[PDB]
Every structure is written in C-alpha cells, then in structure tokens.
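One structure is given below, encoded as structure tokens.
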Amino acid sequence: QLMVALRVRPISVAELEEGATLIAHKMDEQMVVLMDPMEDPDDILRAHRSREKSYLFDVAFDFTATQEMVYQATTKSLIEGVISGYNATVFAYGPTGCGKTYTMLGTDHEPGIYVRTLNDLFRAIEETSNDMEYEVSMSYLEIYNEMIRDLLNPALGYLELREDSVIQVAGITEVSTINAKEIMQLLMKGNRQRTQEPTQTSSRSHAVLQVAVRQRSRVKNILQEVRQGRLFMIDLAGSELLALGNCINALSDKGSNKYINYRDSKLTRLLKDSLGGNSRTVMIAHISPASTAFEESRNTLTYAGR
Ligand SMILES: Nc1ncnc2c1ncn2[C@@H]1O[C@H](COP(=O)(O)OP(=O)(O)O)[C@@H](O)[C@H]1O
Ligand SMILES: [Mg+2]
C-alpha cells in the first residue's frame, strides 16, 4: 500500500527578485497543474499540449496547509499499525530548497512530521497500556555518499550495518524520552551534524529517523505473538576513467536477463526487511511554485504522478 502526496511551498523572495511568476497551482485537494512559462527566440510556441499540464496525487498541499494538516493527511494513520507490529516508511522527496527538511523536521515555531508522529505514538501507546507493554527506541542517522554517521553522537564516527535479528546500524545511540521539547532539541542539534556543503547541509545527505516499537500482552497465561513495528522517517537527498564495460549490456540483451552483481545502497539495505507486502509507504514530493523552477518541478511531478 503506497500513498503519494505533493506539497507546494510558498514562493520565495529570492525567486521574486530573480523575476519568477507563479506556475504551480493546487486546483483541487488532489490535483495540481503546472503552467509552462515561455522564452527563447526558439519555441514554436503554438504547440498543441501546449502550455498547461495537470498532475494527480493522493493528496495535495500548498501554502494554505499547516504543518499539522500535512501530518494529519500523511502519517497520522500509520501509527496504529506501527505499534501493532506493522512497518511503515515516510519519504520527503524533491529538489533542494523545496521543503523536505521543513516537512520532516520543521522549526521550533512550526514543527514537522517527526515530533507530531512521535507524539501521537506515545498517546496511542498509553491509551492501550491497559492491555499491553511497550518498548520504544529511536535513532537518527546520516547516509552521505554511502557513509553512515550517528547524528546524535558524531564522535563515534563511521558505523557499519550489522544483522541483529533485522538490519541495524551497529552501535547507534537509542533515545526513549517522551517529551516533545526534548525530542525536538535532540533532532535539531543532530540535524547540524549532517555533512555540510564545502561551499549549509549537503544536498547529498539522507537523514533517517527510525522508531522501533515492541508490543507484548500483559496476559501471561496465553502465549500470543510479541510484536515489533518499525517506522522510518526519511529526509532524502535532493532530487537534482574508462567504463566501456557496456557491451556487457549490449550482450546480456540477448534472450534476457541480469549480468551485474549490483550493490544495494546503504539506504536500500537498511529498508530491506521493511517496505514489503504488509507494510505501508508514504512519499511526500516537494516543489517550488516558481517559474524559475519549472524544469525541476516537472521532473518531480512526473516522478510522483499517480
Ligand atoms: N511549505 C512551506 N512553508 C513555509 N516555509 C517553508 C515551506 N517549505 C520550506 N520552507 C522554508 O523554506 C526553506 C526551504 O528549505 P528546506 O525545507 O530545507 O528545503 P529542503 O529540505 O528540501 O532543502 C527553509 O528555510 C524552510 O524553512
Ligand atoms: Mg534539507
């Protein structure tokens, strides 16, 4: 089960100074349209498509939506399954500067998906602790150029992926506090340990917040399965030698198939046991409404277009 959402951030001053207009428009609660600006001495501008194309998503958001409304529409409903032992995954996707970290982390004055989700998680846990015992841990790591760091304890350095079944980052810090100011301060400071751009957080830094939840019954004279749900909340990287071993392909392409031992990325390996049959995935794509962003916005809307 997959859900795709699209969020349009408000236009920025820097886009207005460059001279941009509005070309992205939420038309509808699940449809956005992308107007084509114009330019060039070229362009047979008549066309036939010719200047406006619509895209449909499970849900859409522009500047009218608040942080909590984005949360309610995207990840709130994952929570019941996670404490019940099901797995779930939320991606913030899109080009740099379009909203990912704002949607996922937010700000002190306007928090995002992380703390809102951690918060309904601890309520749901207490409204059912009549019958159940729970254990909750969370970690917050970076993947930067396939190197993993613990964002809550950078001193430890480069960590590896060891199987402890489930694939876990061997050695990573694990928090259990239930207060949302504390979590938010943790996640704010941990965000600043993300690898920076040599010229600011690198456009190539995945931030993964994972929350594990174990659930066992308080009734001890009947066995019952012990449950382990795993929520992943991801702030992705931005959307934006002779290797002629390519007849390698022009020769596998004769009766099919496969000739490469592909390596799974760290993020794929971490998400392997999750993201499967009875597991949910929520992607939140982000765009600018600015005309100066028309090409990235169209790549994004194409990629997420349901
Ligand atoms: N929907 C939104 N509403 C208001 N401000 C936003 C919104 N999306 C992003 N911003 C702000 O604009 C800037 C966008 O940066 P950011 O969210 O870091 O983009 P990304 O994480 O995709 O690089 C940030 O300063 C953020 O606070
Ligand atoms: Mg970011």
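Ligands are numbered from 1 in the order shown, chains are lettered A, B, ... in the order of the structure tokens, and residues start at 1 in each chain.
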Enumerate as a VMD selection string the residues within 9 Å of ligand 1, counting only C-alpha atoms and all ligand atoms.
chain A and resid 7 to 12 61 to 67 92 to 107 110 201 to 203 235 to 239 286 to 288
Using only C-alpha atoms, tabulate the residues of segment 161-277 of chain A lying at most 8 Å from any atom of segment 125-142 of chain A, each with its closest atom pair and that distance in Å to one decimal, by chain and increasing residue number, as CSV.
residue,atom,partner,partner_atom,distance
A:172,CA,A:139,CA,6.9
A:173,CA,A:139,CA,6.1
A:174,CA,A:139,CA,5.3
A:175,CA,A:138,CA,5.4
A:176,CA,A:137,CA,5.2
A:187,CA,A:140,CA,7.7
A:190,CA,A:140,CA,7.5
A:194,CA,A:142,CA,6.4
A:205,CA,A:142,CA,6.5
A:206,CA,A:142,CA,5.6
A:207,CA,A:142,CA,4.8
A:208,CA,A:141,CA,5.3
A:209,CA,A:140,CA,4.4
A:210,CA,A:139,CA,5.4
A:211,CA,A:138,CA,4.3
A:212,CA,A:137,CA,5.4
A:213,CA,A:136,CA,4.8
A:214,CA,A:135,CA,5.1
A:215,CA,A:134,CA,4.9
A:216,CA,A:133,CA,5.5
A:217,CA,A:132,CA,4.7
A:218,CA,A:132,CA,5.4
A:219,CA,A:131,CA,7.6
Skip residue 86 of chain A itself and residues of its chain fewer than 5 positions away, then list as an MDAnalysis selection string all residues within 10 Å of it, counting only C-alpha atoms.
chainID A and resid 78:81 213 227:231 274 278:280
Which of segment 52-284 of chain A end up as alpha helix (DSSP H) when DSSP is run on this backbone - answer as a PyMOL selection string?
chain A and resi 67-74+79-83+100-104+113-126+180-191+247-252+266-270
Name the residues of segment 60-201 of chain A that fall into strand (DSSP E) according to DSSP on the backbone, using the chain letters and numbers of this document, as JSON, numbers by chain.
{"A": [60, 61, 87, 88, 89, 90, 91, 92, 93, 132, 133, 134, 135, 136, 137, 138, 139, 140, 141, 142, 143, 144, 147, 148, 149, 150, 161, 162, 163, 167, 168, 169]}
Take the residues from that selection and write them out as a compact mmCIF listing (two decimals), in the first residue's frame, keeping N, CA, C and O atoms.
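This is the output file out-v1.txt:
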# COMPACT_ATOMS: atom_id res chain seq x y z
N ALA A 60 -2.80 16.78 -2.05
CA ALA A 60 -2.02 17.93 -2.45
C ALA A 60 -2.04 18.96 -1.33
O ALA A 60 -2.98 19.01 -0.54
N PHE A 61 -0.98 19.77 -1.26
CA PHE A 61 -0.89 20.84 -0.27
C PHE A 61 -0.16 22.03 -0.87
O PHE A 61 0.90 21.85 -1.48
N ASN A 87 5.16 -2.37 9.65
CA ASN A 87 6.21 -1.43 9.29
C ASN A 87 5.68 -0.35 8.36
O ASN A 87 4.73 -0.58 7.60
N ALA A 88 6.32 0.82 8.40
CA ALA A 88 5.88 1.97 7.63
C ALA A 88 7.07 2.86 7.32
O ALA A 88 8.05 2.89 8.07
N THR A 89 6.95 3.62 6.23
CA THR A 89 8.05 4.46 5.76
C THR A 89 7.52 5.75 5.16
O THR A 89 6.62 5.72 4.32
N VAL A 90 8.12 6.87 5.55
CA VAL A 90 7.75 8.18 5.05
C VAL A 90 8.99 8.85 4.47
O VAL A 90 9.98 9.07 5.18
N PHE A 91 8.92 9.19 3.18
CA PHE A 91 9.96 9.94 2.49
C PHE A 91 9.54 11.37 2.25
O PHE A 91 8.43 11.62 1.76
N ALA A 92 10.45 12.29 2.52
CA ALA A 92 10.41 13.63 1.93
C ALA A 92 11.30 13.63 0.70
O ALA A 92 12.51 13.41 0.81
N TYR A 93 10.70 13.87 -0.46
CA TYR A 93 11.42 13.85 -1.73
C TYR A 93 11.27 15.19 -2.44
O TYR A 93 10.23 15.85 -2.37
N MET A 132 -1.32 -3.77 27.22
CA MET A 132 -0.06 -4.01 26.53
C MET A 132 1.11 -3.34 27.24
O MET A 132 0.97 -2.29 27.88
N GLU A 133 2.28 -3.97 27.12
CA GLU A 133 3.55 -3.33 27.48
C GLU A 133 4.27 -2.91 26.21
O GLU A 133 4.24 -3.63 25.21
N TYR A 134 4.92 -1.74 26.25
CA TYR A 134 5.63 -1.22 25.09
C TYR A 134 7.07 -0.86 25.43
O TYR A 134 7.38 -0.44 26.55
N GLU A 135 7.93 -1.07 24.44
CA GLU A 135 9.29 -0.55 24.43
C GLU A 135 9.45 0.31 23.17
O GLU A 135 9.04 -0.10 22.08
N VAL A 136 10.00 1.50 23.34
CA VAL A 136 10.19 2.43 22.23
C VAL A 136 11.62 2.93 22.25
O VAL A 136 12.07 3.46 23.27
N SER A 137 12.32 2.78 21.13
CA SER A 137 13.60 3.43 20.91
C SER A 137 13.59 4.14 19.56
O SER A 137 12.88 3.73 18.63
N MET A 138 14.37 5.22 19.45
CA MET A 138 14.54 5.92 18.18
C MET A 138 16.01 6.23 17.94
O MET A 138 16.77 6.46 18.88
N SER A 139 16.39 6.23 16.67
CA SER A 139 17.73 6.61 16.27
C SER A 139 17.63 7.63 15.15
O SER A 139 16.60 7.75 14.50
N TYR A 140 18.73 8.33 14.91
CA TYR A 140 18.75 9.39 13.90
C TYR A 140 20.13 9.40 13.27
O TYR A 140 21.10 9.80 13.91
N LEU A 141 20.21 8.98 12.01
CA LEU A 141 21.50 8.75 11.36
C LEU A 141 21.56 9.50 10.03
O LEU A 141 20.54 9.93 9.49
N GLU A 142 22.79 9.68 9.54
CA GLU A 142 23.01 10.17 8.19
C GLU A 142 23.52 9.04 7.30
O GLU A 142 24.24 8.16 7.77
N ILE A 143 23.12 9.08 6.04
CA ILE A 143 23.82 8.41 4.95
C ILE A 143 24.30 9.50 4.00
O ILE A 143 23.49 10.23 3.41
N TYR A 144 25.61 9.62 3.87
CA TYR A 144 26.24 10.60 3.00
C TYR A 144 27.27 9.86 2.16
O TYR A 144 28.25 9.34 2.71
N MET A 147 28.25 6.56 3.35
CA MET A 147 28.86 6.50 4.68
C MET A 147 27.82 6.85 5.74
O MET A 147 27.10 7.85 5.62
N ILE A 148 27.74 6.02 6.78
CA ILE A 148 26.73 6.18 7.81
C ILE A 148 27.36 6.82 9.03
O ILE A 148 28.39 6.37 9.52
N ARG A 149 26.71 7.86 9.54
CA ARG A 149 27.09 8.50 10.79
C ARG A 149 25.89 8.54 11.72
O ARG A 149 24.74 8.59 11.27
N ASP A 150 26.16 8.50 13.02
CA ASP A 150 25.14 8.68 14.06
C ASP A 150 24.95 10.17 14.29
O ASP A 150 25.84 10.83 14.83
N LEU A 161 26.70 -1.66 9.02
CA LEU A 161 25.38 -2.29 9.08
C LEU A 161 25.54 -3.76 9.46
O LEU A 161 26.05 -4.56 8.66
N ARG A 162 25.11 -4.11 10.66
CA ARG A 162 25.21 -5.48 11.14
C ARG A 162 23.83 -6.07 11.41
O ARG A 162 22.94 -5.40 11.93
N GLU A 163 23.65 -7.34 11.04
CA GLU A 163 22.38 -8.02 11.24
C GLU A 163 22.23 -8.52 12.68
O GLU A 163 23.06 -9.29 13.16
N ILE A 167 18.18 -5.71 10.19
CA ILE A 167 19.34 -4.88 9.87
C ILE A 167 19.34 -3.60 10.70
O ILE A 167 18.41 -2.79 10.62
N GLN A 168 20.38 -3.42 11.51
CA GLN A 168 20.50 -2.25 12.35
C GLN A 168 21.89 -1.65 12.14
O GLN A 168 22.84 -2.34 11.76
N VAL A 169 21.98 -0.34 12.35
CA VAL A 169 23.27 0.34 12.38
C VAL A 169 23.99 -0.04 13.67
O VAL A 169 23.61 0.38 14.77
Name the closest residue to residue 299 of chain A among the candidates A:226, A:178, A:159, A:285; distances are taken between atoms, counting only C-alpha atoms.
A:285
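Coordinates place atom CA of residue 3 of chain A at a distance of 4.8 Å from atom CA of residue 282 of chain A.
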Provide the atom CA of residue 186 of chain A to atom CA of residue 156 of chain A distance in Å, to one decimal place.
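Rounded to one decimal, the two atoms are 16.7 Å apart.
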